[PDB]
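K.L.:
Handing over work.txt, compact mmCIF, C-alpha atoms and all ligand atoms.
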# COMPACT_ATOMS: atom_id res chain seq x y z
CA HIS U 8 -2.56 -17.06 10.07
CA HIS U 9 -0.64 -16.47 13.38
CA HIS U 10 1.44 -13.34 12.31
CA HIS U 11 -0.57 -10.86 14.51
CA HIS U 12 2.18 -10.80 17.29
CA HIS U 13 4.65 -9.10 14.78
CA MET U 14 2.23 -6.10 14.67
CA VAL U 15 4.01 -2.74 14.09
CA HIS U 16 2.50 0.78 14.47
CA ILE U 17 2.73 2.37 11.01
CA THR U 18 2.36 6.14 10.43
CA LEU U 19 2.25 7.95 7.09
CA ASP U 20 5.13 10.23 5.94
CA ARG U 21 3.52 13.57 4.75
CA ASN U 22 6.73 14.53 2.88
CA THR U 23 6.35 11.55 0.46
CA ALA U 24 2.64 12.16 -0.27
CA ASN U 25 1.30 13.27 -3.63
CA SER U 26 0.29 16.94 -3.24
CA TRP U 27 -3.49 16.13 -3.50
CA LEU U 28 -3.49 13.76 -0.48
CA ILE U 29 -4.95 14.67 2.92
CA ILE U 30 -3.35 12.80 5.84
CA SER U 31 -5.09 12.87 9.24
CA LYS U 32 -3.54 14.53 12.33
CA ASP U 33 -2.68 11.07 13.81
CA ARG U 34 -0.91 10.15 10.46
CA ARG U 35 -3.02 6.94 10.34
CA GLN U 36 -5.53 7.83 7.56
CA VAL U 37 -5.17 9.21 4.02
CA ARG U 38 -7.65 10.22 1.33
CA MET U 39 -7.72 11.93 -2.08
CA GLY U 40 -8.54 15.66 -1.90
CA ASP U 41 -10.59 17.37 -4.65
CA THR U 42 -7.61 19.82 -5.31
CA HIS U 43 -3.87 20.52 -4.59
CA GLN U 44 -3.46 20.61 -0.77
CA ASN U 45 -1.22 23.75 -0.73
CA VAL U 46 2.12 22.05 0.07
CA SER U 47 5.55 22.84 -1.53
CA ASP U 48 7.00 20.32 -4.01
CA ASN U 49 10.01 18.16 -3.06
CA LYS U 50 11.99 15.28 -4.59
CA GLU U 51 10.27 12.67 -2.29
CA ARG U 52 6.62 13.28 -3.45
CA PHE U 53 4.99 10.83 -5.82
CA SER U 54 4.04 13.18 -8.73
CA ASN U 55 1.83 11.09 -11.08
CA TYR U 56 -0.32 8.93 -8.72
CA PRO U 57 -2.10 9.34 -5.33
CA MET U 58 0.69 7.47 -3.45
CA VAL U 59 2.34 7.90 -0.02
CA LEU U 60 4.88 5.90 2.05
CA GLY U 61 4.93 4.87 5.71
CA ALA U 62 7.59 6.66 7.83
CA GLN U 63 8.97 3.34 9.13
CA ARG U 64 11.95 1.65 7.36
CA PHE U 65 12.54 -2.10 7.73
CA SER U 66 15.87 -3.87 6.98
CA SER U 67 15.42 -7.09 9.11
CA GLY U 68 12.81 -9.13 11.04
CA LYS U 69 9.14 -9.88 10.71
CA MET U 70 6.51 -7.08 10.52
CA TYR U 71 2.68 -7.14 10.27
CA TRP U 72 0.08 -4.37 9.85
CA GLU U 73 -3.56 -3.98 8.72
CA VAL U 74 -5.28 -1.51 6.40
CA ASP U 75 -8.99 -0.67 6.12
CA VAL U 76 -10.21 -0.39 2.45
CA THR U 77 -13.99 -0.18 3.18
CA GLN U 78 -16.11 1.06 0.22
CA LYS U 79 -13.15 1.85 -2.06
CA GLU U 80 -13.31 1.02 -5.77
CA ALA U 81 -9.51 1.24 -6.42
CA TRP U 82 -6.28 1.13 -4.33
CA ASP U 83 -2.80 -0.40 -4.21
CA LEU U 84 -1.18 -1.75 -0.98
CA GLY U 85 2.09 -3.40 0.00
CA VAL U 86 5.77 -2.47 0.50
CA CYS U 87 8.45 -0.95 -1.63
CA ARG U 88 12.14 -0.13 -1.61
CA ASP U 89 13.07 3.19 -0.06
CA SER U 90 14.75 4.08 -3.41
CA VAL U 91 11.74 3.59 -5.76
CA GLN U 92 11.19 6.20 -8.51
CA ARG U 93 8.88 9.07 -7.33
CA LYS U 94 8.47 11.13 -10.58
CA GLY U 95 6.80 10.24 -13.87
CA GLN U 96 5.11 7.04 -15.03
CA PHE U 97 6.05 3.54 -13.82
CA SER U 98 4.48 0.08 -13.28
CA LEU U 99 4.22 -1.60 -9.87
CA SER U 100 6.51 -4.64 -10.16
CA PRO U 101 9.28 -6.33 -8.15
CA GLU U 102 11.73 -5.26 -10.90
CA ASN U 103 10.82 -1.60 -10.03
CA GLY U 104 11.04 -2.25 -6.25
CA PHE U 105 7.34 -2.88 -5.36
CA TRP U 106 5.57 -5.87 -3.72
CA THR U 107 1.88 -4.96 -3.97
CA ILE U 108 -1.72 -6.08 -4.64
CA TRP U 109 -4.55 -3.90 -5.91
CA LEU U 110 -8.26 -3.54 -6.59
CA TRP U 111 -9.18 -2.09 -10.01
CA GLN U 112 -12.47 -2.36 -12.02
CA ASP U 113 -14.01 -4.99 -9.78
CA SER U 114 -10.95 -7.39 -9.94
CA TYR U 115 -8.05 -8.01 -7.52
CA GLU U 116 -4.52 -8.54 -8.92
CA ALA U 117 -0.96 -8.98 -7.60
CA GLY U 118 1.64 -6.52 -8.96
CA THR U 119 3.86 -9.08 -10.73
CA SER U 120 5.04 -8.41 -14.32
CA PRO U 121 2.76 -9.22 -15.92
CA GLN U 122 0.05 -8.93 -13.20
CA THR U 123 -1.50 -12.04 -11.61
CA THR U 124 -5.25 -12.61 -11.11
CA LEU U 125 -6.26 -13.06 -7.43
CA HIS U 126 -9.18 -15.37 -6.39
CA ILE U 127 -11.14 -13.61 -3.61
CA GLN U 128 -14.66 -14.94 -2.79
CA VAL U 129 -15.29 -12.41 0.08
CA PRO U 130 -14.37 -8.82 -0.96
CA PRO U 131 -12.07 -7.60 1.85
CA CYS U 132 -12.81 -4.57 4.04
CA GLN U 133 -9.41 -4.96 5.85
CA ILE U 134 -6.11 -6.36 4.43
CA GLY U 135 -3.25 -7.79 6.56
CA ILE U 136 0.34 -7.36 5.24
CA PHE U 137 3.17 -9.59 6.52
CA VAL U 138 6.87 -9.05 5.66
CA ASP U 139 9.62 -11.53 6.55
CA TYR U 140 12.80 -9.67 5.55
CA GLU U 141 15.23 -12.56 6.03
CA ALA U 142 13.03 -15.11 4.23
CA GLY U 143 12.27 -12.72 1.31
CA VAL U 144 8.44 -13.02 1.76
CA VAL U 145 5.55 -10.54 1.48
CA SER U 146 2.09 -12.01 2.17
CA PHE U 147 -1.43 -10.55 2.07
CA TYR U 148 -4.39 -11.76 4.18
CA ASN U 149 -8.18 -11.19 3.96
CA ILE U 150 -9.11 -10.08 7.54
CA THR U 151 -12.88 -10.00 6.57
CA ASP U 152 -12.62 -13.76 5.66
CA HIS U 153 -11.01 -15.05 8.93
CA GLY U 154 -7.46 -14.15 7.74
CA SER U 155 -7.49 -16.30 4.56
CA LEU U 156 -4.39 -16.00 2.31
CA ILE U 157 -4.71 -13.67 -0.70
CA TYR U 158 -1.17 -13.80 -2.16
CA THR U 159 2.49 -14.60 -1.27
CA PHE U 160 5.50 -13.07 -3.04
CA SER U 161 8.43 -15.40 -2.28
CA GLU U 162 12.08 -15.31 -3.40
CA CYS U 163 11.84 -11.52 -3.01
CA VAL U 164 15.02 -9.55 -3.74
CA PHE U 165 14.33 -6.46 -1.57
CA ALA U 166 17.82 -4.98 -2.29
CA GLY U 167 17.34 -2.16 0.23
CA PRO U 168 15.34 -0.92 3.20
CA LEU U 169 11.54 -1.40 2.81
CA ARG U 170 8.76 1.13 3.44
CA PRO U 171 5.00 0.53 3.76
CA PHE U 172 3.37 1.59 0.43
CA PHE U 173 -0.15 3.01 -0.20
CA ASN U 174 -2.14 4.27 -3.22
CA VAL U 175 -5.65 5.67 -2.44
CA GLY U 176 -6.46 5.65 -6.21
CA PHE U 177 -8.02 8.33 -8.37
CA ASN U 178 -11.62 9.39 -7.90
CA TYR U 179 -12.78 10.01 -11.51
CA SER U 180 -16.01 8.00 -10.75
CA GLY U 181 -17.07 9.88 -7.59
CA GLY U 182 -17.23 6.41 -5.90
CA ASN U 183 -13.62 6.20 -4.62
CA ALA U 184 -13.36 9.13 -2.13
CA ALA U 185 -13.12 6.91 0.99
CA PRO U 186 -9.80 6.83 2.91
CA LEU U 187 -7.22 4.12 3.53
CA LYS U 188 -6.95 3.72 7.33
CA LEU U 189 -4.25 1.95 9.39
CA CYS U 190 -6.22 -0.30 11.81
CA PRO U 191 -5.41 -0.43 15.53
CA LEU U 192 -3.42 -3.34 17.04
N1 LIG N 201 -5.91 14.17 -12.32
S1 LIG N 201 -5.15 15.21 -11.35
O1 LIG N 201 -4.65 16.26 -12.18
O2 LIG N 201 -6.06 15.52 -10.28
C1 LIG N 201 -3.76 14.39 -10.65
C2 LIG N 201 -3.58 14.40 -9.27
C3 LIG N 201 -2.48 13.77 -8.71
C4 LIG N 201 -1.57 13.12 -9.53
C5 LIG N 201 -1.74 13.09 -10.90
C6 LIG N 201 -2.84 13.72 -11.48
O3 LIG N 201 -3.11 13.78 -12.83
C7 LIG N 201 -2.46 13.06 -13.77
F1 LIG N 201 -1.13 13.22 -13.61
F2 LIG N 201 -2.68 11.75 -13.55
If you took the structure in this file and wrote it as structure tokens, what would it be?
P.N.:
Amino acid sequence: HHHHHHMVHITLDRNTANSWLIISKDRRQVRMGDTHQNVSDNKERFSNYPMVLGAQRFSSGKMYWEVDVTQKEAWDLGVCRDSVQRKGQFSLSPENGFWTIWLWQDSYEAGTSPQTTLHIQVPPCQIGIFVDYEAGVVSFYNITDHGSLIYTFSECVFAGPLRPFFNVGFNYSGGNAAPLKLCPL
């Protein structure tokens, strides 16, 4: 792909984080802590899952960023509406305001309803995410495999400002402690 020139500097919004997450000083990395991180509760925090939003809001234009997923067993990545549900149980779907892909149990899937199997020959260590607001497109790229396309959501109905979306996943296995990291431009 040739989307690299739309690169944006994403930072994580601490106030939206699940209370077990640990965000680095530079707001560019996040991982699952082994306990509650001693923060007050608020209406923005994702309560049920290890999720956090980017601080940036997008309502027009083309945007691109990259995320490092090295040695993780489970994660979700993409964008979502600013007004997505924060509390309780929900599925990641465009109907609920999410445009995402994930790794889970050794398979990659797009967060359609129902979910779509992805075909990845080279397990990615870094993912590129491209949003074209006007066109209604969210695309995912395999940076480890020379930028090959993973998935395109088209005919998106954003219906609001978009925020970068992250889920570090649970660590029931002891094999999923590694962070998500926003990669430098
Ligand atoms: N398993 S846990 O108690 O450490 C936990 C941590 C963050 C969010 C949800 C959660 O548990 C359950 F709601 F899924």
K.L.:
Can you measure CA of residue 156 (chain U) to CA of residue 89 (chain U) for me? One decimal in Å is fine.
P.N.:
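For CA of residue 156 (chain U) relative to CA of residue 89 (chain U), the distance reads 26.1 Å.
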K.L.:
Give me, as a PyMOL selection string, the set of residues whose atoms come within 9 Å of any atom of ligand LIG 201 (chain N), counting all atoms listed in the file.
P.N.:
chain U and resi 25-28+39-43+53-58+95-96+177-179
K.L.:
Based on the selection just made, write C-alpha atoms of those residues as a JSON list (two decimals), in the coordinates of the input.
P.N.:
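What follows is the written file out-v3.json:
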[["chain", "number", "residue", "atom", "x", "y", "z"],
["U", 25, "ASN", "CA", 1.30, 13.27, -3.63],
["U", 26, "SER", "CA", 0.29, 16.94, -3.24],
["U", 27, "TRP", "CA", -3.49, 16.13, -3.50],
["U", 28, "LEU", "CA", -3.49, 13.76, -0.48],
["U", 39, "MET", "CA", -7.72, 11.93, -2.08],
["U", 40, "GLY", "CA", -8.54, 15.66, -1.90],
["U", 41, "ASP", "CA", -10.59, 17.37, -4.65],
["U", 42, "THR", "CA", -7.61, 19.82, -5.31],
["U", 43, "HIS", "CA", -3.87, 20.52, -4.59],
["U", 53, "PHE", "CA", 4.99, 10.83, -5.82],
["U", 54, "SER", "CA", 4.04, 13.18, -8.73],
["U", 55, "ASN", "CA", 1.83, 11.09, -11.08],
["U", 56, "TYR", "CA", -0.32, 8.93, -8.72],
["U", 57, "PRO", "CA", -2.10, 9.34, -5.33],
["U", 58, "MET", "CA", 0.69, 7.47, -3.45],
["U", 95, "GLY", "CA", 6.80, 10.24, -13.87],
["U", 96, "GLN", "CA", 5.11, 7.04, -15.03],
["U", 177, "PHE", "CA", -8.02, 8.33, -8.37],
["U", 178, "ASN", "CA", -11.62, 9.39, -7.90],
["U", 179, "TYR", "CA", -12.78, 10.01, -11.51]]
K.L.:
Could you check which residues have any atom within 12 Å of (11.5, 5.0, -8.8), counting all atoms listed in the file with coordinates taken straight from the file, and then list them as a list in words?
P.N.:
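Checking each residue against the 12 Å limit leaves residues 50, 51, 52, 53, 54, 55, 87, 88, 89, 90, 91, 92, 93, 94, 95, 96, 97, 98, 99, 100, 101, 102, 103, 104 and 105 of chain U.
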K.L.:
For region 49-97 of chain U versus region 121-135 of chain U, which residues have an atom no more than 6 Å away, and what is each residue's nearest atom pair and distance in Å rounded to one decimal, using all atoms listed in the file, chain-then-number order, as a Markdown table?
P.N.:
| residue | atom | partner | partner_atom | distance |
| --- | --- | --- | --- | --- |
| U:72 | CA | U:135 | CA | 5.8 |
| U:73 | CA | U:135 | CA | 4.4 |
| U:74 | CA | U:134 | CA | 5.3 |
| U:75 | CA | U:133 | CA | 4.3 |
| U:76 | CA | U:132 | CA | 5.2 |
| U:77 | CA | U:132 | CA | 4.6 |
K.L.:
Could you please take those selected residues and save C-alpha atoms as an mmCIF file, in the frame of the given file?
P.N.:
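Final file, part.cif:
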data_model
loop_
_atom_site.group_PDB
_atom_site.id
_atom_site.type_symbol
_atom_site.label_atom_id
_atom_site.label_comp_id
_atom_site.auth_asym_id
_atom_site.auth_seq_id
_atom_site.Cartn_x
_atom_site.Cartn_y
_atom_site.Cartn_z
ATOM 1 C CA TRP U 72 0.080 -4.370 9.850
ATOM 2 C CA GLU U 73 -3.560 -3.980 8.720
ATOM 3 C CA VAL U 74 -5.280 -1.510 6.400
ATOM 4 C CA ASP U 75 -8.990 -0.670 6.120
ATOM 5 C CA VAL U 76 -10.210 -0.390 2.450
ATOM 6 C CA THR U 77 -13.990 -0.180 3.180
#
K.L.:
Write out as number ranges by chain the residues lying within 9 Å of residue 68 (chain U), counting all atoms listed in the file and excluding same-chain residues fewer than 5 positions away.
P.N.:
U: 13, 138-141
K.L.:
Considering only C-alpha atoms, state which residue in the set U:29, U:23, U:35, U:175 is at the smallest distance from residue 190 (chain U).
P.N.:
U:35
K.L.:
Given all atoms listed in the file as the basis, pick out the residue of U:171, U:137, U:47, U:78 nearest to residue 20 (chain U).
P.N.:
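The answer is U:171, which sits nearest to residue 20 (chain U).
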K.L.:
So how far away is CA of residue 60 (chain U) from CA of residue 16 (chain U), in Å?
P.N.:
13.6 Å
K.L.:
With all atoms listed in the file as the basis for distance, which of U:115, U:148, U:160, U:82 is at the shortest distance from residue 186 (chain U)?
P.N.:
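Among U:115, U:148, U:160, U:82, it is U:82 that comes nearest to residue 186 (chain U).
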